[PDB]
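A.B. asks: structure for the following, please:
(4 chains)
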Amino acid sequence: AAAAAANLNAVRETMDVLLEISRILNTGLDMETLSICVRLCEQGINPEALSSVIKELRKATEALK
Amino acid sequence: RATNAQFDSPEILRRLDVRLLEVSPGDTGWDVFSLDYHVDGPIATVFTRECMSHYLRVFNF
Amino acid sequence: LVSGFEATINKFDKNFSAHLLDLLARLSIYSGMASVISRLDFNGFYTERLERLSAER
Amino acid sequence: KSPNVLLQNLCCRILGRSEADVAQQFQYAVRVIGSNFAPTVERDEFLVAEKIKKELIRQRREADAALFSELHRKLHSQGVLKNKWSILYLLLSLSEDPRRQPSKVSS
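C.D. replies: Residues are numbered from 1 along each chain as shown, chains lettered A, B, ... in the order given. The relevant structure is shown in the block below.
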């Protein structure tokens, strides 16, 4: 209806502002991977562990290319 | 002690300190290293916080 | 001769050195003051044995 | 969704592959993420905010350190974010210094 459409706008706004914070901090993420990491941090997860996981998967992506 | 800066009053030689910046990801120490000269007293009315931040911008260049 | 003695020597020398590490390392977190480490750890001796606990989590 | 199926989407976002292809890296990611799930430090957004302001102040980018102050308040203005500490702690850790070229987008 209407309240199911206002929430989609309010999520698109935040997912743009977080992308701006991500580009001024020069994180290598893009718009699609950031939506996975924001979803993960919603439920409650260690950023010290998830950041180590990303810092290793991007570290092992290069040995295969 | 190696240069002639040691031939000075021991007050102003003590007040100058190495300031560490906040730590950057992959970089060298030549981009993050600056002196701070720290000031505490009635002299801080002339050398306020606005002065030392602008001095650190000069040391940055 | 050595079965009773050197067995007591190595277990004491390992226990001495470990508590000597823990004295230096727990005094190294204290940033005059930090010089008690660098006096004990003079010119290259035992100033770099273990970096930190190789762990995570 | 669940976090176990959601980690595999991340393994297919970073590595460009399908779930039937990449399974050695996902086995590593379950090893790291599992047994390290619970928060180990106390949560506050205030300390992570004053560390990102520091992060932008001495990259000679004193302008973005005051723009982050206006972007961090909007996250509270909307209110769809429960754990604001975790995402900021994550976005600070993956940050890189460009050293230069802060080619400013917006708008």
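A.B. asks: pull the number of nearby residues for the closest residue to residue D:3 other than its chain neighbours.
C.D. replies: Excluding its sequence neighbours, the residue lying closest to residue D:3 (CB to CB, 6 or more residues apart in numbering or on different chains) is residue A:43, at 6.2 Å. All C-beta spots, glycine's among them, are computed from the backbone N, C-alpha and C. Here the number of neighbours of residue A:43 (other CB atoms under 10 Å in any protein chain shown) works out to 14.
A.B. asks: and residue D:102, what helix or strand is that in?
C.D. replies: Using DSSP states H and E, no element contains residue D:102; it sits outside every helix and strand.
A.B. asks: wait, isn't it in contact with residue D:56?
C.D. replies: No. If you go by CB atoms under 8 Å, residue D:102 and residue D:56 don't touch, sitting 9.6 Å apart.
A.B. asks: neighbour count for these two, which is higher?
C.D. replies: Using other CB under 10 Å, the more surrounded residue of residue D:102 and residue D:56 is residue D:56, with 22 against 15.
A.B. asks: quick revisit: any shared contact partners between residue D:102 and residue D:56?
C.D. replies: With contacts taken as CB atoms under 8 Å, 6 or more residues apart in numbering or on different chains, residue D:102 and residue D:56 have A:24, D:64 as neighbours in common.
A.B. asks: circling back to that earlier point, if I look at the residue nearest to residue D:3, how far off is residue C:4?
C.D. replies: 60 Å (CB to CB, to the nearest Å).
A.B. asks: and residue D:85, by the same measure?
C.D. replies: 59 Å.
A.B. asks: neighbour count for those two, which is higher?
C.D. replies: The residue with more neighbours, out of residue D:85 and residue C:4, is residue D:85; 20 against 7, by other CB under 10 Å.
A.B. asks: what sits against that one?
C.D. replies: D:43-45, D:48.
A.B. asks: from the residues you listed, pick the one nearest residue D:32.
C.D. replies: The nearest member of the contacts of residue D:85 to residue D:32, counting by CB to CB, is residue D:43 at 20.5 Å.
A.B. asks: now the closest one: closest residue in space, sequence neighbours ignored.
C.D. replies: Per CB to CB, 6+ apart, closest to residue D:43 is residue D:85, 4.3 Å.
A.B. asks: sec struct for that neighbour, please.
C.D. replies: At residue D:85, secondary structure determined by DSSP: H, G, I helix; E, B strand; the rest coil is helix.
A.B. asks: quick check: buried residues in stretch D:52-72?
C.D. replies: Neighbour-count burial for stretch D:52-72 flags D:52-53, D:55-59, D:61, D:64-65, D:67-68, D:72 (criterion: 16 or more other CB atoms under 10 Å in any protein chain shown).
A.B. asks: so which residues make contact with that stretch?
C.D. replies: Residues contacting stretch D:52-72 (CB under 8 Å, 6+ apart): A:17, A:20-21, A:24-25, B:21-22, B:24, B:32, B:60, D:45, D:49, D:88, D:91-92, D:95, D:97-98, D:102.
A.B. asks: mind listing what's buried in the longest helix along chain B?
C.D. replies: Criterion DSSP state H: the longest helix present in chain B is helix B:49-60. Buried residues in helix B:49-60, defined by neighbour count with 16+ other CB under 10 Å: B:52, B:56.
A.B. asks: secondary structure element holding the residue positioned nearest the centre of chain C?
C.D. replies: Nearest to the geometric centre of chain C sits residue C:21, at 2.2 Å (CA atoms, centre = their mean). Residue C:21 belongs to helix C:6-28 when elements are defined using DSSP H and E.
A.B. asks: helix/strand/coil for residue D:5?
C.D. replies: Going by three-state DSSP: residue D:5 is helix.
A.B. asks: list the contacts for residue 22?
C.D. replies: With no chain named, the answer covers chain A. A:29, A:34, D:91.
A.B. asks: wrong one, I was asking about chain D
C.D. replies: D:11-12, D:15.
A.B. asks: helix/strand/coil for it?
C.D. replies: Residue D:22 ends up coil, using three-state DSSP.
A.B. asks: which residue, other than its chain neighbours, is closest to residue 49?
C.D. replies: Using chain A here. residue D:36 (4.3 Å).
A.B. asks: looking at chain D here, not the other one
C.D. replies: That would be residue D:72: by CB to CB, 6+ apart, it lies 5.8 Å from residue D:49.
A.B. asks: doesn't the one you found fall inside a helix?
C.D. replies: Yes. Secondary structure of residue D:72 (three-state DSSP): part of a helix.
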